[PDB]
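Quick note: numbers below take in every heavy atom, side chains included, and nothing from hydrogens, waters or symmetry partners. When a ligand or atom number is given, it counts from 1 through the structure's own listing order. Residue numbers run from 1 in the order of the sequence given.
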Amino acid sequence: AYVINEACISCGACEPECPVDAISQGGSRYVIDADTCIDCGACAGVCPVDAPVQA
Ligand code: SF4
Ligand code: SF4
């Protein structure tokens, strides 16, 4: 699983780019469903602040 850390500015650009639709808008920051994420790294590639990190 990847996890979106506190650098997230909630721009929303990663949500459409997740191939398995694991990302959604949350309170404060976007969130990854760890039971769906397959570690492709696509969300970090479109993140301007590089908030998604592999855990
Ligand atoms: S690493 Fe890939 S599967 Fe996981 S949330 Fe990011 S884009 Fe989706
Ligand atoms: S692209 Fe990055 S800054 Fe924008 S919502 Fe996703 S994790 Fe947050």
Side-chain angles (χ1 to χ4, degrees):
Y2 273 55
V3 62
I4 292 170
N5 66 202
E6 292 171 10
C8 181
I9 55 175
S10 296
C11 78
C14 57
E15 194 181 337
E17 296 309 298
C18 180
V20 294
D21 311 289
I23 302 173
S24 60
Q25 183 164 275
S28 70
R29 50 179 141 138
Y30 277 60
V31 233
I32 291 175
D33 172 6
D35 293 336
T36 298
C37 178
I38 44 74
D39 294 332
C40 75
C43 47
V46 297
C47 185
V49 293
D50 202 46
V53 293
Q54 191 156 194

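At least one N/O/S atom of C11, whether from backbone or side chain, sits less than 2.8 Å from atom 4 (Fe) of ligand 2. Atom 8 (Fe) of ligand 2 has no N, O or S atom of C14 inside 2.8 Å of it. Residue side and main chain included, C18 places an N/O/S atom under 2.8 Å of atom 8 (Fe) of ligand 1.
Every atom of ligand 2 with a heavy atom of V49 under 4.0 Å away is listed here by number and element: 3 (S). The distance from ligand 1 to the heavy atoms of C40 drops below 4.0 Å at these ligand atoms: 1 (S), 2 (Fe), 3 (S), 7 (S). Close approach of ligand 2 to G12 is summarised as follows: ligand atoms under 4.0 Å from at least one heavy atom of the residue are 4 (Fe), 5 (S). Shown in contact with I32 at under 4.0 Å from a heavy atom are these atoms of ligand 1, numbered in order with element: 5 (S). For ligand 2, the atoms closer than 4.0 angstrom to any heavy atom of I9 are 3 (S). Close approach to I23 involves these atoms of ligand 1, each under 4.0 Å from a residue heavy atom: 5 (S). Listed by atom number, the atoms of ligand 1 under 4.0 Å from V20 heavy atoms are 3 (S). Short contacts between ligand 1 and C43, defined as distances under 4.0 Å to a heavy atom of the residue, involve ligand atoms 1 (S), 6 (Fe), 7 (S).
Considering every non-hydrogen atom in both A13 and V46, the closest pair reads O-CG2, 4.0 Å. Nearest approach of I23 to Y30, heavy atoms of both residues: CG2-CD2, 3.8 Å. Looking at every heavy atom in both residues, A44 comes nearest to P52 through CB-O, 3.7 Å. Closest approach of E15 and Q25 over heavy atoms only: OE1-N, 4.4 Å.
The protein non-hydrogen atom at the shortest distance from atom 3 (S) of ligand 1 is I38 N, 3.4 Å. The protein heavy-atom contact nearest to atom 2 (Fe) of ligand 2 is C47 SG, 2.3 Å. In terms of protein heavy-atom proximity, atom 1 (S) of ligand 1 is nearest to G41 N, 3.3 Å. Among protein heavy atoms, the minimum distance from atom 4 (Fe) of ligand 1 is reached at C37 SG, 2.3 Å. Closest to atom 8 (Fe) of ligand 2, if we only count protein heavy atoms, is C8 SG, 2.3 Å.
Within the structure, the closest approach of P52 to ligand 1 does not fall below 4.0 Å when heavy atoms are considered.
At least one side-chain heavy atom of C40 sits under 4.5 Å from a side-chain heavy atom of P19. With contacts defined as side-chain heavy-atom distances shorter than 4.5 Å, the pair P48/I9 qualifies. Under the 4.5 Å side-chain criterion, counting only non-hydrogen atoms from C-beta, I4 is not in contact with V31.
Note that the CG atom of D50 and the CG atom of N5 stand 8.0 Å from one another [nearest 0.5 Å]. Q54 CD to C37 SG: the interatomic distance, rounded to the nearest 0.5 Å, is 8.0 Å. The distance from the SG atom of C43 to the CD atom of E17 is 10.5 Å, given to the nearest 0.5 Å.
At a heavy-atom distance under 4.0 Å, no atom of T36 approaches ligand 1.
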